[PDB]
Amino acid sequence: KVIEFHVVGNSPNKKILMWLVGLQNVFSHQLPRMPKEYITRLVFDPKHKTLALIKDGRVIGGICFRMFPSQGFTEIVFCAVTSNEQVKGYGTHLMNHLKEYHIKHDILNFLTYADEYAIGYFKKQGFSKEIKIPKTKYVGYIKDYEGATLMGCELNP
C-alpha cells in the first residue's frame, strides 16, 4: 500500500540502520550460499551502497551494489526479494530503479556473478553471458564467486 525505494549506505542514523539490518536479514535468508558474516561485511562496507525496497515500514527487498566510476561499470552483489513477495515484479522494479540511478551518475554498465538459479532473472533485465566491457576493466576489481557465471548489462540513455 506504501512502497519506497532508498539507496542507503554506511558511510549512521537510527532508521537506515534498522534498514541495514533488515537488508542483511533479507539477503541471508535468500542467498543460502552466502555466509551471514560475509553479507554483513559487504552490506556495511562504506564502498557499497544498497538500494532498499521498503513496504509499509518493513524491508522486503534490496540490491547491494558497488560502484566503480573509474572502471565505468557497477558490480551487483546481493539482490533479493523476500519469499512472500516474490513474483510480483518487485525485483524488476528494483533493477529498473537501479538502472535509473546509474544513468544520472553516468555508469552505463552492470556486472554480476550469477547464481545458477537466477540467471533466468538477469536475462530478463537484459544481462547476457557475453560481455562487452573489456576484461582489463573489471578483472581484479570485481569479486569472483564459486560456480556463479558472469553476466553483463550495457544500459543506455
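Residue indices: 1-based, along the sequence shown.
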What lies unmodelled of the deposited sequence between residue 11 and residue 12 amounts to 4 to 9
Of 56-64 and 128-136, the stretch with the higher mean C-alpha B-factor in the deposited entry is 128-136
When mean C-alpha B-factors in the record are compared for 143-151 and 19-27, the larger belongs to 143-151
Split the chain's modelled residues into thirds by Cα B-factor; residue 74 lands in the lowest
Chain thirds by Cα B factor, record data; residue 33 belongs to the highest
By the entry's values, the third containing the CA B factor of residue 42 is the middle
By the entry's values, the third containing the CA B factor of residue 95 is the lowest
Residue 108: CA temperature factor from the record, placed by chain third, in the lowest
